[PDB]
Amino acid sequence: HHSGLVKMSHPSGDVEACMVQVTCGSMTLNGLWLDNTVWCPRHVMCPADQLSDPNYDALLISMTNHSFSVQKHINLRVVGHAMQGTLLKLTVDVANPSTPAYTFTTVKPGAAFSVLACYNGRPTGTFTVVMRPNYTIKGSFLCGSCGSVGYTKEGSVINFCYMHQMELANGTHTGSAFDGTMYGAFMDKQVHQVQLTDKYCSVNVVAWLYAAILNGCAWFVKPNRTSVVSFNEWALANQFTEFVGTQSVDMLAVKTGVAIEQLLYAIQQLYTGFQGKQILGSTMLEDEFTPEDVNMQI
Amino acid sequence: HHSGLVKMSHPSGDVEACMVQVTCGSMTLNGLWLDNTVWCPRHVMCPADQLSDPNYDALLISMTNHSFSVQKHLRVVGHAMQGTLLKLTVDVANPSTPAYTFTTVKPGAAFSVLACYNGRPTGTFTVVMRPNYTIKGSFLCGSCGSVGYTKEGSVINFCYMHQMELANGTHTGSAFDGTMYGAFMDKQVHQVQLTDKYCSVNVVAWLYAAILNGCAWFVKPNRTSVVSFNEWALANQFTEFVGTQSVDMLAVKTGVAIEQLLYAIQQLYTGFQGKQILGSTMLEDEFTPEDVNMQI
Ligand SMILES: *[C@H](O)[C@H](C[C@@H]1CCNC1=O)NC(=O)[C@H](CC(C)C)NC(=O)O[C@H]1CC[C@H](C(C)C)CC1
């Protein structure tokens with residue numbers, strides 16, 4: 001039986017209307033236009049030759065307002081420039097007439113968000129990703145994608161949580177939150193940086209097993225249980241995040257009647273392999289669906 | 001090494017702007033608003049009581065324009081039936097009607113779906129039209145009228161309007177000429193689904209992605225021609241392989257020939273024998289040649 005559990009993004013129209021192109025000298029990439037502000041990664045200020053140890057404090061001082069061209073496709077007059085962590089905060093003289101209600105909230109590991117991939121300020125595609133416990137994401141990003149933004153939507157309010165900066169050697173990616181911090185504390189310098197060891201997102205694995213139960217596949221449920229604190233002590237030493245319950249997990253426990261503690265026991269038995277059986281078409285544990293995904297799609 | 005090969009959907013903004021809610025009596029679902037026309041599935045005419053064997057020609061005759069309510073989160077002054085779809089004329093024109101066309105997608109092709117409930121877009125995902133003319137995706141009650149589309153430039157090709165769920169949890173709908181994909185009937189009755197098959201051209205594209213990603217252990221100088229593969233495929237639950245410029249592009253990027261990989265499919269179909277290809281132990285057939293060219 002097809003569960004109907006798929007990678008789903010938010011409709012991207014609200015964010016498409018905010019995408020612009022920012023050019024500084026030779027460098028061009030994407031920016032996010034909210035009210036009278038345009039956000040973009042600050043390495044747009046860096047010339048290709050000096051990208052390996054940029055002095056950003058000095059580059060900013062050396063700029064005027066005319067050093068930045070901002071174009072909307074999907075010109076703007078830059079009337080201020082400032083720097084916030086790894087991002088530029090440009091002020092423009094026209095308020096984006098299609099600004100959505102929004103917030104800036106950093107996301108934590110295990111949370112999913114949508115990404116609108118853009119090239120020269122033109123949206124080209126959207127996909128969903130999960131912030132990993134080593135503060136990376138997968139997805140698809142090519143040359144020119146920097147400034148592509150990731151977001152969620154709760155109600156009318158968009159939460160902007162990601163602005164794309166870089167690719168790492170193992171092919172994964174990272175970027176900034178809109179408070180300017182880089183996720184994982186990576187530096188926006190063109191140098192090899194090795195990511196930390198990854199981990200399974202325990203709360204998402206729980207959601208996925210609940211999804212399996214809701215889809216009729218529950219051979220792996222036994223009466224046996226492992227408490228949250230006991231699972232988390234075992235988690236530190238076998239590459240799993242701490243489990244923290246939510247009202248969203250709790251809805252799934254109520255619907256199925258299978259308790260969290262039974263699925264934490266199940267996880268301890270399953271992470272080695274399924275000894276010949278499948279769960280939701282898979283033979284490994286899946287951890288990129290969230291409790292909220294499962295409540296919405298099943 | 002993460003390949004960068006992911007399920008990617010088209011930006012949905014153009015289509016979000018066309019979604020409306022359609023109500024008829026006590027039923028509601030989604031419709032697509034292009035110029036002065038609102039498209040929606042005809043079973044919006046059916047009382048829930050009578051979904052098993054509706055008489056669509058009698059239901060249409062019993063309606064008036066004032067039977068239908070259109071709300072855009074709109075006054076109907078016309079109504080006709082085309083195949084399994086309604087074509088409602090309303091008095092206001094959609095000003096944000098994108099340039100568009102109407103195409104019927106073939107098996108193996110990918111399109112984007114904008115899933116909507118009560119006229120409100122809620123999610124977007126990419127599906128592949130299976131060789132049995134079903135799709136996966138995520139569709140709950142109220143999702144009918146959700147539309148699938150591709151893009152060729154700024155032009156939107158509307159290819160799908162969601163209609164129903166089959167016994168096994170898969171889905172199907174109409175093309176915009178009013179035909180159901182796979183000739184399924186828009187009635188709430190058990191219907192026999194043909195067994196699925198492997199889309200060979202997509203399997204080839206996935207193997208090319210692997211080679212570009214530096215995973216080429218399966219690449220031998222052995223070759224199978226298209227016609228031997230096709231003969232083999234008929235008996236082994238695969239589709240006819242048809243070459244394309246998109247595929248040729250990948251054989252030129254990698255220096256590996258289509259026939260080398262056709263040979264490879266015949267071996268890997270038996271299993272990878274302890275090895276992996278892009279984190280998988282089974283062949284993957286839902287990434288197209290176009291996906292791979294564009295994403296790698
Ligand atoms: C329109 O919104 C709706 C969507 C389906 C509802 C649930 N999931 C959907 O995809 N379509 C219908 O309700 C459709 C109308 C008929 C006139 C064709 N009926 C339908 O899809 O019925 C099916 C529901 C599920 C069952 C399974 C055996 C469980 C089979 C019939």
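Below, all heavy atoms of this structure are taken into account, side chains as well, without hydrogens, waters or symmetry copies. The sequence lines fix the lettering, A, B, ..., with proteins before strands; numbering per chain opens at 1.
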Worksheet item: Which atom names give the shortest non-hydrogen contact between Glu16(A) and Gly13(B), and what distance separates them?
Response: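 Heavy atoms of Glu16(A) and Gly13(B) come nearest at OE2-N, 2.8 Å.
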Discussion item. To check you understand the geometry: which heavy-atom pair defines the closest contact between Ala167(B) and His1(A), and what is its length?
Written reply: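 Shortest heavy-atom separation between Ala167(B) and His1(A) comes out as O-CD2, 3.7 Å.
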Discussion item. Rounded at 0.5 Å granularity, tell me how far CG in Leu142(A) sits from CD1 in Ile296(B).
Written reply: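 With rounding to 0.5 Å, CG (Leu142(A)) is 9.5 Å from CD1 (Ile296(B)).
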Item to complete: Rounded to the nearest 0.5 Å, what's the gap from NE2 on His10(A) to OG1 on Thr122(B)? Could you check?
Response: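 Nearest 0.5 Å value for the NE2-OG1 distance: 9.0 Å.
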Would you find a donor on one side and an acceptor on the other, under 3.5 Å apart, between the side chain of [X] and the backbone of [Y]?
{"X": "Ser12(B)", "Y": "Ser12(A)", "result": "yes"}
{"X": "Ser138(B)", "Y": "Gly4(A)", "result": "yes"}
{"X": "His2(A)", "Y": "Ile135(B)", "result": "no"}

Worksheet item: Taking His171(B), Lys136(B), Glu165(B) one by one, which has the highest count of heavy-atom pairs under 4.5 Å against chain A?
Response: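 Answer, by heavy-atom pair count under 4.5 Å with chain A: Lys136(B).
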Discussion item. Would you say CD of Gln239(A) has more than 12 non-hydrogen atoms from neighbouring residues, nucleotides or ligands within 6.0 angstrom?
Written reply: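 No, the 6.0 Å shell around CD holds no more than 12 heavy atoms from other groups.
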